[PDB]
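Only one chain is given next, in structure tokens, and it is the form deposited in one PDB entry.
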């Protein structure tokens, strides 16, 4: 399998998500049959124009937190998205937006 097909598969998947629930970079590389490519899933999302109707925000690291993404402050748009999604979000000791991971994982 080449890239770009890859990219799409992902995108389609991240639309397969149910409003409210979420998944995980790894939990998606694993799925589109490309287990190891978790890190590329981040990038895939990193790309994306702001004009999209794709559910970027509702996706996280296996830690069940908003990944750092060092270069950004959309970490907030991601937050202010799901407290909008009804998903309850709790800020954390020395920073961090975390939340009950397994209330919201996704299943066929």
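Think of the rigid core as the biggest set of C-alphas that the two forms share within 1.5 Å after superposition. Positions refer to the first chain, counted from 1.
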Q | Mean Cα B-factor comparison, 66-74 or 35-43, giving the higher one as deposited | A | 66-74
**Q.** Greater mean Cα temperature factor according to the PDB record, 85-93 or 6-14
**A.** 85-93
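One more form of this protein exists, namely the form deposited in another entry; it is left out here, but the text below deals with it.
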Q: Establish whether a shift of 2 Å or more occurs at the C-alpha of residue 69 between the shown form and the other one, with the two forms superposed on the rigid core.
A: yes
Q) Versus the form shown, are the CA atoms of residue 89 and residue 69 closer or farther apart in that other deposited form, given a shift of 3 angstroms or more? A) closer
Q. Shorter or longer C-alpha distance for residue 68 and residue 13 in that other deposited form, given it differs from this form by 3 Å or more?
A. farther
